[PDB]
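Remarks on the overall topology
Next come the chains, spelled out residue by residue.
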Amino acid sequence: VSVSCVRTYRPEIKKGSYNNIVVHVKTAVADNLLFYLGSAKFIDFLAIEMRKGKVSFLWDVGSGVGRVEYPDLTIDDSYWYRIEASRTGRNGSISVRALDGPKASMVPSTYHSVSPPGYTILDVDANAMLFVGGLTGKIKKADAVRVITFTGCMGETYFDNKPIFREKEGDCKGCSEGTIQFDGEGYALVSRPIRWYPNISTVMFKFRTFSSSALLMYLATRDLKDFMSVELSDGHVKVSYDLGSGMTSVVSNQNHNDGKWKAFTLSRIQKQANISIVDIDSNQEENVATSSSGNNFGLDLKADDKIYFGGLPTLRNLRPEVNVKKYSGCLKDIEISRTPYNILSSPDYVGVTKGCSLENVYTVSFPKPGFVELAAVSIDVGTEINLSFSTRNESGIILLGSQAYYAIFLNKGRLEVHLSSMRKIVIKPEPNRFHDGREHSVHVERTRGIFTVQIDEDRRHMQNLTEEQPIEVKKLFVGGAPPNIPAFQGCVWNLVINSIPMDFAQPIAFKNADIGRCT
Ligand SMILES: *[C@@H]1O[C@H](CO)[C@@H](O)[C@H](O)[C@H]1NC(C)=O
Ligand SMILES: *[C@@H]1O[C@H](CO)[C@@H](O)[C@H](O)[C@H]1NC(C)=O
Ligand SMILES: *[C@@H]1O[C@H](CO)[C@@H](O)[C@H](O)[C@H]1NC(C)=O
Ligand SMILES: *[C@@H]1O[C@H](CO)[C@@H](O)[C@H](O)[C@H]1NC(C)=O
Ligand SMILES: [Ca+2]
Ligand SMILES: [Ca+2]
Ligand SMILES: [Ca+2]
């Protein structure tokens with residue numbers, strides 16, 4: 001990038017019969033001198049310029065001027081363009097490619113023209129001069145060139161298939177995948193795209209989750225007559241919509257909450273709709289189609305109606321057939337009505353984190369004081385408990401069941417373990433703390449008349465428990481639980497009780513649980 005100032009260079013011509021010049025330009029001015037090559041001894045010259053917004057390549061190899069203009073485009077709208085011209089004897093070509101903008105999707109063509117018959121070599125003396133974006137008074141421009149200034153910014157210049165200041169006159173100077181993760185406590189909105197066309201819908205976004213019941217997307221009119229939703233149902237992707245004449249809904253044959261990225265695509269044309277789910281790695285694709293009932297053809301979403309993702313806020317009204325359960329999982333490449341959206345650019349979303357981190361369903365982590373409720377499990381004679389944790393908060397409950405109860409918890413550095421129906425063990429760390437942010441594995445085994453605990457293979461403590469009746473509880477928790485000791489903060493994983501691995505795929509409840517990884 002270079003604004004304002006003229007940049008002169010001394011070219012190196014390899015083939016006198018061939019020329020190739022590449023320039024990147026960006027301006028709002030209709031007339032400019034983009035490239036120029038000439039010398040003091042010869043009239044010969046090369047030049048790339050614009051007239052009324054059109055790029056023209058002109059030259060004179062000693063027998064008269066040759067000019068070829070690119071008609072397909074006009075480049076004075078401030079987008080970046082790649083202008084490439086070349087010469088073969090008296091034959092010149094011009095080609096323009098827009099790097100961005102509404103023209104960037106065009107297919108760059110190539111027009112040719114020729115200079116008068118005769119000479120064919122680009123003559124130049126020793127002190128040749130190649131100017132970029134303007135002209136220096138050290139050389140007299142060819143009459144054919146009418147404007148010698150340049151208002152804008154120039155890009156990488158290539159001359160004779162090689163990159164390119166001998167003299168710098170003037171004061172020179174330079175010039176949305178949106179991957180997100182929801183953890184069951186957020187939502188996000190997107191205003192309706194102006195490109196929204198009522199009788200044709202187009203929805204795309206990639207998702208990756210372990211959730212079986214969630215809301216992925218929902219939109220509706222103020223009256224609820226017309227709406228559309230995309231949710232997870234038992235792991236399957238389910239689509240529902242009503243255009244005002246009657247609702248319909250399809251559920252995929254396969255479930256897609258395997259932790260892998262999936263590509264979702266909906267295409268509705270009036271009452272008909274094609275849903276497509278693709279496992280991005282294996283490239284396998286599923287296809288399910290459905291049709292709304294009646295005569296209405298449009299999803300008449302209005303100017304002020306919002307489109308939500310991952311969850312919803314509290315709404316006065318809400319379509320009765322949709323599962324609004326907050327979504328836990330990642331999202332990205334959201335596109336609606338041909339319009340891309342980046343939730344992170346949104347100003348009113350809640351409980352969303354940039355990126356994606358989903359490792360397994362046996363790991364959980366708490367950012368803020370939170371908890372995860374698991375199905376009750378009682379400790380009987382012969383029972384074991386194995387888990388791993390890593391917090392930096394001396395005081396925090398790690399495990400807990402519900403008179404009777406059991407618990408593994410850090411206490412001002414100490415790691416208590418309680419059993420009752422009340423005996424308990426308390427290990428004081430030595431040579432290293434527990435809430436030291438690094439891995440730590442606990443082991444607890446209640447046998448006859450005794451119970452044991454052992455952290456990261458050290459002194460397996462012991463304690464009496466002359467009872468045989470199994471200590472049963474009503475609820476089981478990881479991280480903490482609803483009600484006086486501080487909250488737990490770090491992550492717990494690979495929880496095993498009575499030989500059964502305890503996953504967090506779908507907890508009975510939770511609050512501020514970043515299930516799936518150790519943040
Ligand atoms: C100039 O070159 C192009 C391609 O190399 C060719 O299509 C065109 O006919 C040439 N001009 C003429 C007529 O010599
Ligand atoms: C659905 O897909 C079929 C091809 O599988 C196509 O012919 C039809 O036009 C599509 N209709 C839509 C986009 O609803
Ligand atoms: C969209 O569908 C409606 C029926 O719901 C129809 O009356 C209307 O003409 C369609 N829009 C157009 C003009 O394509
Ligand atoms: C727990 O640790 C976090 C940092 O991991 C800290 O911000 C917070 O204040 C701590 N909470 C308590 C109860 O000390
Ligand atoms: Ca010549
Ligand atoms: Ca309607
Ligand atoms: Ca309608």
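Criteria and thresholds
- Residues numbered from 1 in each chain as written, not as in the entry; some residues may be left out.
- Chains lettered and ligands numbered in written order.
- Heavy atoms only, no water.
- Residues with missing side-chain atoms left out of burial classes, pairs and counts.
- Core = buried A, V, L, I, M, F, W, Y, C linked by side-chain atoms within 4.5 Å.
- Buried < 20%, exposed > 50% of the residue type's maximum accessible area, 1.4 Å probe, protein only.
- Contact = heavy atoms within 4.5 Å.
- Helix = DSSP H or I, 4+ residues; strand = E, 2+ residues; numbered from the N terminus.
- Pairing = 2+ DSSP bridges.
- Axes fitted to C-alpha atoms, helices over the stretch in contact; angles between N-to-C directions.
- Domains from an automatic or database assignment.
- Nonpolar A, V, L, I, M, F, W, Y, C, P; charged D, E, K, R; others polar.
- Salt bridge = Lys/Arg side-chain N within 4 Å of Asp/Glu carboxyl O.
- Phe/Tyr/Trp six-rings, centres within 6.5 Å; stacked < 30°, edge-to-face > 60°.
- Donors = N, O, S within 2.8 Å, 3.2 Å for Na, K, Ca; no water.
- Disulfide = S-S within 2.5 Å.
- UniProt positions renumbered as here; feature names shortened; annotations may be inferred.

1. Observations regarding the nonpolar core
With 38 residues, the main nonpolar core has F389, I408 and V478 as its most contacted residues. If sequence neighbours within four positions are ignored, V478 has contacts with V364, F366, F371, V372, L374, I398, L399, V492, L495 and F504.

2. Considering the environment of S328
Looking at where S328 falls in the secondary structure, it is placed in strand 24 (residues 328-336). By relative accessible area, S328 is classed as partly exposed at 26%. For the pair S328 and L216, spaced 112 residues apart in the sequence, the C-alpha separation amounts to 9.6 Å. When neighbours within four sequence positions are excluded, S328 is seen to be in contact with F182, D183, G184, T209 and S211.

3. Some points on the sheet that holds strand 31 (residues 405-411)
Read from one edge to the other, the open sheet built from seven strands follows the order 33-32-31-30-37-28-40, with strand pairing classed as antiparallel. Each edge of the sheet is formed by a strand with only one pairing partner; in this case those strands are strand 33 (423-427) and strand 40 (509-511). The mean angle between the axes of side-by-side strands here comes to 15°, regardless of whether they run parallel or antiparallel.

4. Notes on the domain arrangement of the protein
Once the domains are mapped, the protein shows domain 1 (1-175), domain 2 (176-358) and domain 3 (359-519). Here the C-alpha centre of domain 3 lies 38 Å away from the C-alpha centre of domain 2. Every contact between the two is made by eight residues of domain 2 and, on the other side, 13 residues of domain 3. Split into classes, the residues belonging to the side of domain 2 that touches domain 3 amount to two nonpolar, four polar and two charged.

5. Brief notes about the pattern of salt bridges
Opposite charge on two side chains lets them pair, provided their charged atoms get close. In this structure the tally under the stated criterion is 15 salt bridges. In this structure, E49 engages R67 in a salt bridge whose closest nitrogen and oxygen atoms are separated by 2.8 Å. With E49 in strand 4 (residues 45-51) and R67 in strand 6 (residues 65-69), the pair connects residues that are 18 residues apart, well separated along the chain. What makes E49 buried here is its relative accessible area of 2%. Taking the shortest distance from any N to any O, the salt bridge between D279 and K262 comes out at 2.7 Å.

6. Description of the packing of aromatic side chains
Under the counting rule described, the total for this entry stands at 13 aromatic pairs. Relative to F131, the ring of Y36 has its centre 6.4 Å away and its plane inclined at 50°; by these criteria the two rings are tilted. One end of the pair, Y36, is in strand 3 (residues 32-38); the other, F131, is in strand 10 (residues 129-132), with 95 residues separating them in the sequence. Considered together, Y36 and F131 belong to a single accessibility category, that of buried residues. Put simply, the rings of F205, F207, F264 and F309 pair up and form one aromatic cluster.

7. A short note on the coordination of the calcium ion (ligand 5)
Donor atoms from the polypeptide that coordinate the calcium ion (ligand 5) comprise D44 (OD), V61 (O), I121 (O) and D123 (OD), at 2.2 to 3.0 Å from the metal. All donors of the calcium ion (ligand 5) belong to a single chain; written as a sequence motif, their spacing is D-x16-V-x59-I-x1-D. A residue pair is termed long-range when its members are at least 10 positions apart, and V61 in the loop between strand 5 (54-60) and strand 6 and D123 in the loop between strand 9 (111-114) and strand 10 qualify at 62 residues. The exposure class assigned to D123 is partly exposed, which follows from its relative accessible area of 25%.

8. Observations regarding the coordination of the calcium ion (ligand 7)
Donor atoms from the polypeptide that coordinate the calcium ion (ligand 7) comprise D226 (OD), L243 (O), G298 (O) and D300 (OD), at 2.1 to 2.7 Å from the metal. Mapped onto the polypeptide sequence, the residues donating to the calcium ion (ligand 7) form the spacing pattern D-x16-L-x54-G-x1-D. If you look at the calcium ion (ligand 7) and the calcium ion (ligand 6), they sit 3.3 Å from each other and are both ligated by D226. You can see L243 sitting in the loop between strand 18 (236-242) and strand 19 (247-255) and its partner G298 sitting in the loop between strand 22 (285-291) and strand 23 (306-309), a full 55 residues away along the chain.

9. Some thoughts on the UniProt feature "disulfide bond" in the protein
The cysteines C153 and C175 that UniProt joins by a disulfide are bonded here; their SG atoms are 2.0 Å apart. For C153, a relative accessible area of 2% gives the class buried. Agreement with UniProt is obtained for the disulfide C330 to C356: its S-S length of 2.0 Å falls short of 2.5 Å. Highlighted residues: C330 in strand 24 and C356 in the loop between strand 26 (350-354) and strand 27 (363-365), separated in sequence by 26 residues. Residue classification places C330 among the buried positions, given a relative accessible area of 0%.

10. Some points on the pairing of strand 1 (residues 6-9)
As judged from the three bridges shared by strand 1 and strand 13 (residues 167-169), these two strands associate in the antiparallel manner. Residue pairing for strand 13: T8 is matched across the bridge by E167.

11. Side note on the environment of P340
In this fold, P340 is placed in strand 25 (residues 339-341). Along the chain, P340 and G351 lie 11 residues apart, while their C-alpha atoms are 21 Å from each other. Not counting residues within four places of it along the chain, the set of residues in contact with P340 comprises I334 and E335.

12. Re unusual backbone geometry
One non-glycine residue with positive phi stands out, namely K52, at about 55°. Position of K52 among the secondary structure elements: in the loop between strand 4 and strand 5. A residue is classified by how much of its surface remains accessible, and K52, at 73% relative accessible area, is exposed. Despite not being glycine, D234 has its phi angle at roughly 60°, a positive value. In this structure, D234 sits in the loop between strand 17 (227-233) and strand 18.

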